[PDB]
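# So I've got this experimental structure, pasted below with the sequence.
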Amino acid sequence: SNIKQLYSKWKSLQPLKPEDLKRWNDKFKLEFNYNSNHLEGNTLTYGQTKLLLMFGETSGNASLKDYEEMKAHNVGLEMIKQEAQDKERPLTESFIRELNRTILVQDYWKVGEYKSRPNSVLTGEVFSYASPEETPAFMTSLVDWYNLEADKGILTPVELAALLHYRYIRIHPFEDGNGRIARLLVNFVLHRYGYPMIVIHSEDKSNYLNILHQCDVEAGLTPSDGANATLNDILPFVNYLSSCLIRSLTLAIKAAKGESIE
C-alpha cells in the first residue's frame, strides 16, 4: 500500500534528468560501499571512503587492504549493474565466483573458489552452512532455481531478491565475502527489474541479523532446510528488504523532483 504508491510514483518519474540521476547514483555508490563493507568489519571511516570513491584519494589512518577491498567492492557493484542490465543473461555460478574473486582482491591463508574447510560458526548455538561436499550441488540448484523463477514471473523482485539472499547466505559457499555477495545479489535483482538499489545500513546490523535469526528457526536448522527455505518461511526478511526499498524509493523520488538528498 505505502510501498506500492511509492513504486508507482517512481515509475512515473522515469527517466530522471541525468543530473538528478547522477546525484542519486553518487549517494548510493557511497552509502552501499561504505555500509556493506562496514557490516563485515571494514574500519574505513566515511570520509576515508568518500574521498576514495569520488577522488581516488586516501586520508587519515588506514591499511592499504581496507582501501583495496572497498575499491574492489565498488568494481563488484559495477559488475552487478552491467550483469543486471543485460536482461537476457541468466544468473550464473561463474558470475558469482568472479564476484567473489573481485571483491576479495586476492588469495589467502586461514578467492573465487567454493569452501574446502567448513565455513561454520558456534555463536554456544552452532551455525551449520553447506558442507564443502554438497556446496557445488546446492549452488547449481540455487542458480537453476533462480532463473526458473525469473522465467515464470510469479515472485515480485523484492521477494525473489529476499529469497535469493537468504538461500545463498544459508549455503555460505565461499570461505569469505558471503555477506557482501548476498547483498550484491539483492541489488542485482532489484536493478535488473528497474527498482532502485537498497542499502542495508551497518548501524542496523543487529536488527538485520535478528530478522535472519527468526527465519532460521522457521525454515529448519540444517543446511538443506536453509537452501530450500520457502517464501513464507522468510516473510520477516521480505518485509525488512521492503522497508529498505521504501527508503530508497522515497530518496529517489526526492532526487527526481530536484530536491536535496545529502
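Received it, and whenever you're ready, just let me know what you need. Numbers count the residues shown, from 1 in each chain.
# where exactly do the helices run in this protein?
2-12, 18-38, 46-55, 64-85, 93-103, 135-152, 157-171, 178-192, 205-219, 223-227, 235-256 (DSSP state H).
# which stretch among those comes nearest residue 262?
Closest to residue 262 of these is helix 18-38 (Cβ to Cβ; 6.1 Å). C-beta coordinates here come from the backbone N, C-alpha and C atoms, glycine included.
# Would you mark the buried spots in the closest one?
For helix 18-38, the neighbour count (16 or more other Cβ atoms under 10 Å) marks 20, 23-25, 27-38 as buried.
# what's the spacing between the closest residue to residue 142 other than its chain neighbours and residue 213?
What sits nearest to residue 142 in space, not counting adjacent residues and going by Cβ to Cβ, 6 or more residues apart in numbering, is residue 167, at 5.8 Å. Separation of residue 167 from residue 213 (Cβ to Cβ, to the nearest Å) stands at 16 Å.
# do residue 22 as well
Applying Cβ to Cβ, the value for residue 22 to residue 213 is 38 Å.
# same thing with residue 194?
Between residue 194 and residue 213 the computed distance is 32 Å (Cβ to Cβ).
# Tell me who's in contact with the closest residue to residue 255 other than its chain neighbours.
Once flanking residues are discounted, residue 255 sits nearest to residue 24: 4.2 Å by Cβ to Cβ, 6+ apart. Listed by Cβ atoms under 8 Å, 6 or more residues apart in numbering, the contact partners of residue 24 are 16, 196, 251, 252, 255, 256, 261.
# Now render the helices of the chain as CSV, adding distance to residue 118.
Below are the helices of the chain laid out as CSV (distance: least, Cβ to Cβ, whole Å):
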stretch, distance to residue 118
helix 2-12, 39
helix 18-38, 24
helix 46-55, 33
helix 64-85, 24
helix 93-103, 17
helix 135-152, 10
helix 157-171, 12
helix 178-192, 13
helix 205-219, 17
helix 223-227, 10
helix 235-256, 24
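# out of those helices, nearest to residue 120?
helix 223-227 (9.3 Å).
# Which elements pack onto that closest one?
On a contact count with 3 or more Cβ pairs under 8 Å, 6 or more residues apart in numbering; DSSP states H and E, helix 223-227 meets helix 135-152, helix 157-171, helix 205-219.
# Out of those, which is the most enclosed?
For the helices and strands packed on helix 223-227, the largest average neighbour count (mean count of other Cβ atoms under 10 Å) is found in helix 157-171, namely a mean of 23.
# For that one, which outside residues touch it?
Taking Cβ under 8 Å, 6+ apart as the rule, helix 157-171 contacts 129-130, 135, 138-139, 142, 145-146, 149-150, 155, 178-179, 181-183, 185-187, 189-190, 192-193, 195, 212, 215, 219, 223, 226-229, 231, 234, 237-238, 240-242, 245.
# Relative to residue 253, how far out is residue 2?
Distance, residue 2 to residue 253, by Cβ to Cβ: 13 Å.
# Looking at those two, which is more packed in?
residue 253 (19 against 11; other Cβ atoms under 10 Å).
# quick one: the more buried one from residue 29, how far?
19 Å.
# Ok, residue 11 next?
Taking Cβ to Cβ, one finds residue 11 at 22 Å from residue 29.
# again with residue 120
To residue 29, residue 120 is 33 Å away according to Cβ to Cβ.
# Among the helices of the chain, which comes closest to residue 114?
helix 135-152 (4.9 Å).
# Which elements pack onto that closest one?
Judged by 3+ Cβ pairs under 8 Å, 6+ apart, the packing partners of helix 135-152 are helix 93-103, helix 157-171, helix 223-227.
# how about the helices and strands packed on helix 223-227 in a markdown table, adding distance to residue 67?
Output for the helices and strands packed on helix 223-227, formatted as a markdown table (distance: least, Cβ to Cβ, whole Å):
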| stretch | distance to residue 67 |
| --- | --- |
| helix 135-152 | 31 |
| helix 157-171 | 26 |
| helix 205-219 | 22 |
